[PDB]
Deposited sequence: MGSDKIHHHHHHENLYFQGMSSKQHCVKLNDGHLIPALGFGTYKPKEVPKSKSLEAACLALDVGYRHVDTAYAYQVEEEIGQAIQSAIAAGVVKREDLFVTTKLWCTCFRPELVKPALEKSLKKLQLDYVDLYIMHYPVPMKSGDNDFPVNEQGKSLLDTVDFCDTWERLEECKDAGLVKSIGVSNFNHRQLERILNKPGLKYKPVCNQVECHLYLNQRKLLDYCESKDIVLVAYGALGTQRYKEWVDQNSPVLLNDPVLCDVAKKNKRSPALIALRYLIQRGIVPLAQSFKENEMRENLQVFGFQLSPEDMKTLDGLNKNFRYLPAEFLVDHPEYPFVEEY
């Protein structure tokens, strides 16, 4: 199966590197065993995914690294043709913890570098082994760490060669401006990975990111409360184009310059999602899909809401 590499469909990042225009997500729900994460990642590489997105906090970096190593040994893919993203977690935002956390991720992934390393959120939490520290009342134990101070250490990780590109996740407009306007900035973020789909289409944040050559990367692209995939207008557009609702929802994002992370644990859905480059939506259908926006956030990260940098109070 032909690999969907940057050679096929890529987006140019503002540091010169290329990211494949469709990624494979690896968020693992509670109910899904880690053996299924490994199986799904192996199949994704087999059927042609080359952009693999993971995170320390998903707890499956080991399994993703095993899938990558087994695919390379089998001759499915070479390392230079893969684009691997992982993420720095809130409990390691203190500057002195950034590079050790990256090296820990690299060891778990069995990689010498990642293509993209991003701050998972703009909000830090208390350092320690627990990824979700709380007090007796269940409130999150937060920290005070300027994300610009954390950003400087991601810049150092890039200069050390441990990561090719650096970016952020779940930042809002004001927070991106803080990085872009920080004194002595070395590298702009190449991306802002956010929840984005037909019911939260991020038009305002996308406009801003485009104006700064920052790529918007979408998770929750199929809607993760209303069920996006059952939307009657979406399903009418799907029927008109002879494609599935999921493929319309992904194509909507692709045509707006967004890099979606598509994920399934079902092999047939993985392969279906790769067909997103085989059709395009008319301007009329894109306008119809624009009209579905609800500004509805399925993933509001409520565990961070007490912190002043909680990103989702502001309009964008």
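Numbering the deposited sequence from 1, one finds several regions with no C-alpha coordinates, namely 1-16, 241-250.
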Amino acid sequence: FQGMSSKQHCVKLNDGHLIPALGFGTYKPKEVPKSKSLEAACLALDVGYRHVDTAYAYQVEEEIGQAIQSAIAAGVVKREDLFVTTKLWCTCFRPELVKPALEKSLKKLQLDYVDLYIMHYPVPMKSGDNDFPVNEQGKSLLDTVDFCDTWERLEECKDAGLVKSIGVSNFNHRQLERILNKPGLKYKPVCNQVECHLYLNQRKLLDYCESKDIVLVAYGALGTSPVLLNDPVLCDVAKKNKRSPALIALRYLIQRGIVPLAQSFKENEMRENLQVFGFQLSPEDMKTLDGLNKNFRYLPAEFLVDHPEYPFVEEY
From here on, numbers count along this sequence of modelled residues.
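Stretches 102-110 and 128-136 differ in mean CA B factor, with 128-136 having the higher one. Look at the mean CA B-factor for 74-82 and for 195-203 in the entry; the higher one is 74-82.
By the numbers in the PDB entry, the CA B factor is greatest at 230 among 170, 175, 230, 165. Which of 54, 35, 282, 273 has the largest Cα B-factor in the deposited entry comes down to 35.
Placement of the Cα temperature factor of residue 225 within the chain: highest third of the modelled residues, per the deposited record. For residue 92, the recorded CA B-factor ranks within the middle third of the chain. Only modelled residues enter the ranking. Residue 120 sits in the lowest third of its chain by CA B factor, as recorded in the PDB entry. Sorting the modelled residues of the chain by their CA temperature factor places residue 312 in the lowest third.
Placement of the Cα temperature factor of residue 60 within the chain: highest third of the modelled residues, per the deposited record.
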